[PDB]
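Per the authors' numbering, the sequence shown starts with residue 3, numbered consecutively.
Quick reminder that beta carbons are idealized off the backbone N, C-alpha and C, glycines included.
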Amino acid sequence: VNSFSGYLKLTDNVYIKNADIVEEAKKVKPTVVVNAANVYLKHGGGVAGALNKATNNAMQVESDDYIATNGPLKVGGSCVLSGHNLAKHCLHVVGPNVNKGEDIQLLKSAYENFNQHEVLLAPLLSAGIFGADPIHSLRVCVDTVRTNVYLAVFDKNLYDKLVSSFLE
Ligand SMILES: CC(C)[C@H](Nc1ncnc2[nH]c(C(=O)N[C@@H]3CCN(C)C3)cc12)c1ccc2c(c1)S(=O)(=O)CCC2
C-alpha cells in the first residue's frame, strides 16, 4: 500500500522525487493522487491532461458529470472523485493561475485541501504554465501541509533547484 520509492525526505511530512506523476501513480497505487485542476475540471493539457489520458478519458467524463450537478469549483478549492486506475481517489485541487491574474495568496488555501487526506501523491501546485514561482510553491507546501505528501516533479533541473533551495 502507498509504495513510494526513491523519494528524498525534506520534512517529517514532505517528500520529493524527480518523477512523472502518471508513472508514480501507476506504480505506487496511492490512496490519493492530486490533480492540478482548473475550476471547470477541463483536463486539456499539462498534468491534468496527462492524468486524464492515463485513465483513457474516464476522468474527463466523470468530471463533466460532477460539474453538471455541482457547478464549478472555486480557485483554492477542491473536490474528491474517483482515482480510476491511478489511485483509490483523485483530489482535484485548483491552485491560482498567476499568468491569468489570480491571487498567489490562494496557493495556501489550495494546499490546505491536502490536510483532509492522510497520504497523497501530488504535483507542485501552480507551477509550470500556472506561473507561480516553484520555490515559493514548495515553501507554501512545507508550511501548510500537515499530512504526508509525496511530491513528484517531472524535471531534474527544477528538482535540483528545489532541493538546493530547501536545504539552504
Ligand atoms: C513544473 C513541471 C515540471 C510540472 N510537471 C509535471 N510534474 C509532475 N508530473 C508530470 N507529468 C507530466 C506529463 O506530462 N506526463 C506525461 C505522461 C506520459 N508522458 C510520457 C509524460 C508533467 C508533469 C508541473 C507541475 C504543476 C503544474 C504544471 C506542471 S502545468 O501542467 O504546467 C500547470 C498546472 C500546474
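Going by the CB atoms, is the gap between residue j and residue i shorter than 8 Å?
i    : j    : result
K110 : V142 : yes
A129 : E26  : no
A60  : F156 : no
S65  : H86  : no
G48  : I131 : yes
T149 : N15  : yes
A52  : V24  : yes
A112 : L127 : yes
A56  : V100 : no
According to DSSP, simplified to helix, strand and coil, what is residue i?
i    : result
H94  : strand
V151 : strand
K44  : coil
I23  : helix
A38  : strand
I106 : coil
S80  : strand
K158 : helix
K11  : strand
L75  : coil
Using only the heavy atoms of ligand 1, determine whether one of them is closer than 7 Å to the beta carbon of residue i.
i    : result
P98  : no
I131 : yes
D157 : yes
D22  : yes
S128 : yes
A89  : no
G48  : yes
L83  : no
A27  : no
Can you give the Cα-Cα distance for residue i and residue j, rounded to whole angstroms?
i    : j    : result
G78  : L122 : 17 Å
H94  : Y161 : 23 Å
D145 : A124 : 16 Å
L83  : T13  : 28 Å
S5   : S167 : 27 Å
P74  : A50  : 16 Å
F116 : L169 : 23 Å
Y17  : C81  : 23 Å
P136 : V147 : 16 Å
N58  : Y68  : 18 Å
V41  : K76  : 6 Å
Open item on the list: Does the segment 19-39 come into contact with the segment 83-90, if we say contact requires no fewer than three beta-carbon pairs (one atom in each stretch) closer than 8 Å?
Closed with: Touching, per the Cβ criterion.
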